[PDB]
Each structure stands twice: as structure tokens, then as C-alpha cells.
>>> print(open('run-v3.cif').read())   # mmCIF, C-alpha atoms
data_structure
#
loop_
_atom_site.label_atom_id
_atom_site.label_comp_id
_atom_site.auth_asym_id
_atom_site.auth_seq_id
_atom_site.Cartn_x
_atom_site.Cartn_y
_atom_site.Cartn_z
CA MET T 1 24.40 -8.41 17.76
CA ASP T 2 24.09 -8.84 13.99
CA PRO T 3 20.70 -7.46 13.02
CA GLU T 4 19.85 -10.69 11.22
CA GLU T 5 20.59 -12.42 14.53
CA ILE T 6 18.22 -10.06 16.37
CA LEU T 7 15.55 -10.79 13.80
CA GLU T 8 16.09 -14.53 14.22
CA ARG T 9 15.74 -14.24 18.01
CA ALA T 10 12.61 -12.12 17.57
CA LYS T 11 11.08 -14.81 15.37
CA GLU T 12 12.07 -17.49 17.91
CA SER T 13 10.26 -15.49 20.61
CA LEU T 14 7.18 -15.20 18.43
CA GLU T 15 7.09 -18.98 17.99
CA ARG T 16 7.39 -19.52 21.73
CA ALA T 17 4.43 -17.15 22.19
CA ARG T 18 2.46 -19.16 19.64
CA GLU T 19 3.29 -22.42 21.37
CA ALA T 20 2.36 -20.98 24.77
CA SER T 21 -0.92 -19.67 23.37
CA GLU T 22 -1.75 -23.15 22.06
CA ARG T 23 -1.16 -24.64 25.52
CA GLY T 24 -3.21 -21.94 27.23
CA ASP T 25 -0.11 -20.74 29.10
CA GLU T 26 -1.05 -17.07 29.38
CA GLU T 27 1.99 -15.96 31.39
CA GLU T 28 4.42 -17.60 28.95
CA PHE T 29 2.50 -16.12 26.02
CA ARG T 30 2.78 -12.66 27.48
CA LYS T 31 6.50 -12.98 28.35
CA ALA T 32 7.40 -14.28 24.87
CA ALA T 33 5.27 -11.65 23.14
CA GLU T 34 6.94 -8.90 25.18
CA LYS T 35 10.36 -10.30 24.28
CA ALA T 36 9.49 -10.33 20.58
CA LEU T 37 8.45 -6.66 20.79
CA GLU T 38 11.58 -5.76 22.77
CA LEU T 39 13.75 -7.41 20.14
CA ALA T 40 11.85 -5.70 17.31
CA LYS T 41 12.63 -2.36 19.00
CA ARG T 42 16.27 -3.35 19.39
CA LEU T 43 16.37 -4.29 15.71
CA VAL T 44 15.23 -0.77 14.78
CA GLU T 45 18.02 0.81 16.78
CA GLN T 46 20.66 -1.56 15.37
CA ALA T 47 19.36 -0.97 11.83
CA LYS T 48 20.09 2.71 12.56
CA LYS T 49 23.62 2.08 13.80
CA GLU T 50 24.21 0.24 10.49
CA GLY T 51 22.11 2.36 8.13
CA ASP T 52 19.83 -0.45 6.91
CA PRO T 53 16.19 0.62 6.28
CA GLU T 54 14.99 -2.83 5.15
CA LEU T 55 15.59 -4.19 8.65
CA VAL T 56 13.32 -1.55 10.17
CA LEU T 57 10.56 -2.89 7.94
CA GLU T 58 11.29 -6.43 9.16
CA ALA T 59 10.99 -5.15 12.77
CA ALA T 60 7.56 -3.74 11.98
CA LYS T 61 6.48 -7.07 10.55
CA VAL T 62 7.50 -8.82 13.78
CA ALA T 63 5.24 -6.43 15.70
CA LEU T 64 2.37 -7.08 13.26
CA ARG T 65 2.75 -10.81 13.78
CA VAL T 66 2.59 -10.36 17.59
CA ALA T 67 -0.51 -8.25 17.18
CA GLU T 68 -2.27 -10.88 15.07
CA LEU T 69 -1.42 -13.60 17.60
CA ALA T 70 -2.75 -11.46 20.41
CA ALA T 71 -5.94 -10.74 18.49
CA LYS T 72 -6.45 -14.46 17.94
CA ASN T 73 -6.17 -15.37 21.60
CA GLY T 74 -8.18 -12.39 22.83
CA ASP T 75 -5.39 -10.57 24.68
CA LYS T 76 -6.37 -6.92 24.31
CA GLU T 77 -3.42 -5.50 26.25
CA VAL T 78 -0.83 -7.32 24.10
CA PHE T 79 -2.81 -6.48 20.96
CA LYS T 80 -2.74 -2.76 21.74
CA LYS T 81 0.98 -2.86 22.70
CA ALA T 82 1.99 -4.71 19.56
CA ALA T 83 -0.21 -2.46 17.39
CA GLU T 84 1.38 0.62 18.94
CA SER T 85 4.82 -0.88 18.35
CA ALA T 86 4.05 -1.58 14.69
CA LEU T 87 2.89 2.02 14.14
CA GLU T 88 5.87 3.46 16.02
CA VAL T 89 8.24 1.37 13.85
CA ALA T 90 6.40 2.34 10.68
CA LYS T 91 6.97 5.97 11.59
CA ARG T 92 10.66 5.30 12.13
CA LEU T 93 10.81 3.61 8.71
CA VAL T 94 9.28 6.66 7.01
CA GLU T 95 11.95 8.86 8.54
CA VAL T 96 14.84 6.63 7.45
CA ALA T 97 13.40 5.93 3.99
CA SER T 98 12.64 9.60 3.39
CA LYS T 99 16.23 10.60 4.13
CA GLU T 100 17.53 8.04 1.64
CA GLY T 101 15.00 9.01 -1.05
CA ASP T 102 13.45 5.53 -0.99
CA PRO T 103 9.72 6.00 -1.66
CA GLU T 104 9.18 2.24 -2.09
CA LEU T 105 9.94 1.72 1.62
CA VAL T 106 7.82 4.73 2.60
CA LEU T 107 4.96 2.95 0.83
CA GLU T 108 5.76 -0.23 2.79
CA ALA T 109 5.42 1.78 6.01
CA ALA T 110 1.97 2.83 4.85
CA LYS T 111 1.08 -0.80 4.23
CA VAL T 112 2.08 -1.68 7.81
CA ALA T 113 -0.27 0.99 9.14
CA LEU T 114 -3.05 -0.26 6.86
CA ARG T 115 -2.61 -3.81 8.10
CA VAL T 116 -2.85 -2.63 11.72
CA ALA T 117 -6.04 -0.79 10.76
CA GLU T 118 -7.46 -3.95 9.20
CA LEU T 119 -6.58 -5.99 12.26
CA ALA T 120 -8.19 -3.45 14.54
CA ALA T 121 -11.34 -3.35 12.38
CA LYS T 122 -11.62 -7.14 12.46
CA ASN T 123 -11.31 -7.20 16.25
CA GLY T 124 -13.54 -4.24 17.02
CA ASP T 125 -10.78 -2.06 18.46
CA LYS T 126 -11.95 1.41 17.52
CA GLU T 127 -9.09 3.21 19.29
CA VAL T 128 -6.36 1.30 17.44
CA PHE T 129 -8.32 1.55 14.19
CA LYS T 130 -8.31 5.36 14.39
CA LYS T 131 -4.61 5.48 15.28
CA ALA T 132 -3.56 3.19 12.46
CA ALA T 133 -5.82 4.87 9.91
CA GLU T 134 -4.47 8.31 10.83
CA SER T 135 -0.92 6.93 10.59
CA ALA T 136 -1.62 5.50 7.14
CA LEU T 137 -2.96 8.84 5.90
CA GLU T 138 0.06 10.66 7.30
CA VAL T 139 2.44 8.24 5.58
CA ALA T 140 0.50 8.63 2.29
CA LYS T 141 1.13 12.38 2.54
CA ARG T 142 4.85 11.86 3.08
CA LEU T 143 4.94 9.39 0.18
CA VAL T 144 3.52 12.12 -2.08
CA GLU T 145 6.32 14.47 -1.06
CA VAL T 146 9.07 11.89 -1.54
CA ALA T 147 7.60 10.53 -4.79
CA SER T 148 7.04 13.99 -6.30
CA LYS T 149 10.65 14.91 -5.63
CA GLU T 150 11.75 11.90 -7.68
CA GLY T 151 9.22 12.72 -10.43
CA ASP T 152 7.39 9.43 -9.92
CA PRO T 153 3.65 9.70 -10.59
CA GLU T 154 3.27 5.92 -10.07
CA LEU T 155 4.17 6.08 -6.39
CA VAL T 156 2.00 9.18 -6.04
CA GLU T 157 -0.83 7.03 -7.37
CA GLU T 158 0.04 4.40 -4.77
CA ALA T 159 -0.38 7.06 -2.09
CA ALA T 160 -3.85 7.78 -3.48
CA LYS T 161 -4.65 4.06 -3.21
CA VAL T 162 -3.60 4.07 0.47
CA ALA T 163 -5.99 6.93 1.23
CA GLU T 164 -8.81 5.25 -0.72
CA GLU T 165 -8.32 2.02 1.24
CA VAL T 166 -8.52 3.97 4.51
CA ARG T 167 -11.68 5.66 3.18
CA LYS T 168 -13.37 2.35 2.37
CA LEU T 169 -12.33 0.76 5.67
CA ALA T 170 -13.58 3.73 7.69
CA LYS T 171 -16.97 3.67 5.92
CA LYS T 172 -17.34 -0.01 6.83
CA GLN T 173 -16.27 0.71 10.41
CA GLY T 174 -18.75 3.58 10.62
CA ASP T 175 -15.98 5.99 11.63
CA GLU T 176 -17.13 9.29 10.20
CA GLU T 177 -14.16 11.28 11.42
CA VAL T 178 -11.61 8.99 9.78
CA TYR T 179 -13.78 8.78 6.67
CA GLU T 180 -13.71 12.56 6.22
CA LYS T 181 -9.97 12.79 6.91
CA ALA T 182 -9.33 10.01 4.37
CA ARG T 183 -11.50 11.62 1.71
CA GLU T 184 -9.75 14.98 2.17
CA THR T 185 -6.33 13.30 2.03
CA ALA T 186 -7.33 11.44 -1.12
CA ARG T 187 -8.53 14.68 -2.73
CA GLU T 188 -5.22 16.41 -1.99
CA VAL T 189 -3.20 13.43 -3.24
CA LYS T 190 -5.20 13.21 -6.47
CA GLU T 191 -4.67 16.93 -7.12
CA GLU T 192 -0.93 16.48 -6.62
CA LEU T 193 -1.01 13.39 -8.87
CA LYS T 194 -2.57 15.43 -11.68
CA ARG T 195 0.11 18.07 -11.21
CA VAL T 196 2.94 15.52 -11.27
CA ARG T 197 1.55 13.71 -14.33
CA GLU T 198 1.16 17.03 -16.15
CA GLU T 199 4.68 18.10 -15.20
CA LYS T 200 6.14 14.88 -16.60
CA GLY T 201 3.87 14.61 -19.63
CA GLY T 202 4.72 18.23 -20.31
CA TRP T 203 8.48 17.76 -20.30
CA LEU T 204 7.95 14.62 -22.36
CA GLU T 205 5.91 16.48 -25.01
CA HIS T 206 8.61 19.15 -24.94
CA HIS T 207 11.26 16.54 -25.72
#
>>> encode(input="run-v3.cif", output="C-alpha cells")
Amino acid sequence: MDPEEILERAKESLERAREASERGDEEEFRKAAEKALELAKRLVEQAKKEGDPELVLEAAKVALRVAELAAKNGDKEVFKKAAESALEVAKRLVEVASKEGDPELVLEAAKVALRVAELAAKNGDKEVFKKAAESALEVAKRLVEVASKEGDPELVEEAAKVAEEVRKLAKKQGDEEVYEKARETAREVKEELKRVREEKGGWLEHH
């Protein structure tokens, strides 16, 4: 299956789930949501067979969409499954994007995790909030590594912004543990940002 074809089928399954949700057909909603997640997972594996990182990001976005739908119709089991899928796919995207020296897509993985965190915060799911927030912080740390290797202080700054957004979210959610992890991550990222700026600005002054 062409990965664009998998993605099209995944989107078709999402729309069935939406339509079923509207009708109050809970069984059909759950079957279509499951199928969308299954196809998103298949898209990740095909994207690997073909060496296409952008498609892994599209898979993650399918899972996010299933999670939002589930949130809206109050289905906690499908919400948690779709959230877990989105985070799992985000982690796969970091690994692919890191190998190809593509820090822009590593940042996109962090944005997926942040959106899961926001969804979980909105819906009062503390367990998923913690998972997604921790994932976002971990991806910010990998983004610093990737970005520093390419001498790109701008993407290091983006990693700082990810940590700061986790910090602010956690304070609003009252999650002290995640707050302190986010603040420590942000401190480390900002120290590495100073170093990377000074390294570049130094070799610029030199030349």
C-alpha cells in the first residue's frame, strides 16, 4: 500500500468515527477509531520501509485527531489509547528525524506531545497529561542535541520554548512534579542556548 493511500484510508476511518459519534453509535465509533489508529501505526511502518519521515508526522496527527474526537464524546478508553498512540508515534518520529539530521521534524514531534498534554489538561486526564508533558521535555532535550550539532541556536531556542510551555501548563494543572522537571529542563536548555550562541557569535567575530 502506497503510504498516501494508507493515510487516505486512515482519514476515511476517522470520518466514519465522527459520523458514528454524531449518531450515538458507540460500537461503530469505537471500531472506526480503532481502525484509524491501526492504519496510523501501519503508516509509520511503511514510512520506514520507504524512508519518509514526513509521513510519520502525518500518522501522529491522525492519532491526535482520534484523541480529540474521543475527548469530545467522553470515551476515556479511546482517548487514552489514541493519546498513547500519538506519543508512541512522536517518539518514532524523533528517532527517524534525528538520524537524518532534521531538527525541524524533531520539533514537530515535540509539538505533537504538547498538543496531547493540552488535550489531557482540558479533559482532566492527569495520567495522560504527565506522560505527554514528560515526552515533550524529552523531545526538547533531543532537539537541543540535534540542533547544536547543526550549529542552529534558533532551534535550540525553540526547544526552550517547548519546556517553557510545559512549565506553564503544569503550573495551571497544579502538577508540581512536572513543573519542577520542566523548569530544570528549561534551565539546562537555556544554558546550552547561551553556549551555542556564544560559539557561533564567537566564530562570527573571528571572521
>>> residues_near_point(input="run-v3.cif", point="(8.4, -6.9, 23.7)", cutoff="10 Å", atoms="only C-alpha atoms", output="ChimeraX atom specification")
/T:10,13-14,30-42,63,66,78,81-82,85
>>> closest_residue(input="run-v3.cif", among="T:131, T:206, T:122, T:49", to="residue 86 of chain T", atoms="only C-alpha atoms")
T:131
>>> residues_around(input="run-v3.cif", residues="segment 87-101 of chain T", least_positions_apart="2", cutoff="7 Å", atoms="all atoms listed in the file", output="mmCIF file with C-alpha atoms, keeping the file's coordinate frame")
data_model
loop_
_atom_site.group_PDB
_atom_site.id
_atom_site.type_symbol
_atom_site.label_atom_id
_atom_site.label_comp_id
_atom_site.auth_asym_id
_atom_site.auth_seq_id
_atom_site.Cartn_x
_atom_site.Cartn_y
_atom_site.Cartn_z
ATOM 1 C CA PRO T 53 16.190 0.620 6.280
ATOM 2 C CA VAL T 56 13.320 -1.550 10.170
ATOM 3 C CA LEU T 57 10.560 -2.890 7.940
ATOM 4 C CA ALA T 60 7.560 -3.740 11.980
ATOM 5 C CA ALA T 83 -0.210 -2.460 17.390
ATOM 6 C CA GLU T 84 1.380 0.620 18.940
ATOM 7 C CA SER T 85 4.820 -0.880 18.350
ATOM 8 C CA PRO T 103 9.720 6.000 -1.660
ATOM 9 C CA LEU T 105 9.940 1.720 1.620
ATOM 10 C CA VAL T 106 7.820 4.730 2.600
ATOM 11 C CA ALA T 109 5.420 1.780 6.010
ATOM 12 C CA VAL T 112 2.080 -1.680 7.810
ATOM 13 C CA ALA T 113 -0.270 0.990 9.140
ATOM 14 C CA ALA T 132 -3.560 3.190 12.460
ATOM 15 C CA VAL T 146 9.070 11.890 -1.540
#
>>> resolve_selection(input="run-v3.cif", expression="the PyMOL selection byres ((chain T and resi 114-118) around 6)", output="count of residues only")
10
>>> resolve_selection(input="run-v3.cif", expression="the PyMOL selection byres ((chain T and resi 189-193) around 8)", output="ChimeraX atom specification")
/T:141,144,153,156-157,159-160,185-188,194-197
>>> residues_around(input="run-v3.cif", residues="residue 178 of chain T", least_positions_apart="4", cutoff="10 Å", atoms="all atoms listed in the file", output="ChimeraX atom specification")
/T:129-131,133-134,137,166-167,169-171,173-174,182-184
>>> atom_distance(input="run-v3.cif", atom1="atom CA of residue 181 of chain T", atom2="atom CA of residue 79 of chain T")
24.9 Å
>>> atom_distance(input="run-v3.cif", atom1="atom CA of residue 126 of chain T", atom2="atom CA of residue 104 of chain T")
28.8 Å
>>> resolve_selection(input="run-v3.cif", expression="the PyMOL selection byres ((chain T and resi 69) around 9)", output="short mmCIF file (atom, residue, chain, number, x, y, z; two decimals) with C-alpha atoms, in the coordinates of the input")
data_model
loop_
_atom_site.label_atom_id
_atom_site.label_comp_id
_atom_site.auth_asym_id
_atom_site.auth_seq_id
_atom_site.Cartn_x
_atom_site.Cartn_y
_atom_site.Cartn_z
CA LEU T 14 7.18 -15.20 18.43
CA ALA T 17 4.43 -17.15 22.19
CA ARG T 18 2.46 -19.16 19.64
CA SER T 21 -0.92 -19.67 23.37
CA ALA T 33 5.27 -11.65 23.14
CA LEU T 64 2.37 -7.08 13.26
CA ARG T 65 2.75 -10.81 13.78
CA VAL T 66 2.59 -10.36 17.59
CA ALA T 67 -0.51 -8.25 17.18
CA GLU T 68 -2.27 -10.88 15.07
CA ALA T 70 -2.75 -11.46 20.41
CA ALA T 71 -5.94 -10.74 18.49
CA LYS T 72 -6.45 -14.46 17.94
CA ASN T 73 -6.17 -15.37 21.60
CA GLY T 74 -8.18 -12.39 22.83
CA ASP T 75 -5.39 -10.57 24.68
CA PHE T 79 -2.81 -6.48 20.96
#
>>> atom_distance(input="run-v3.cif", atom1="atom CA of residue 29 of chain T", atom2="atom CA of residue 124 of chain T")
21.9 Å
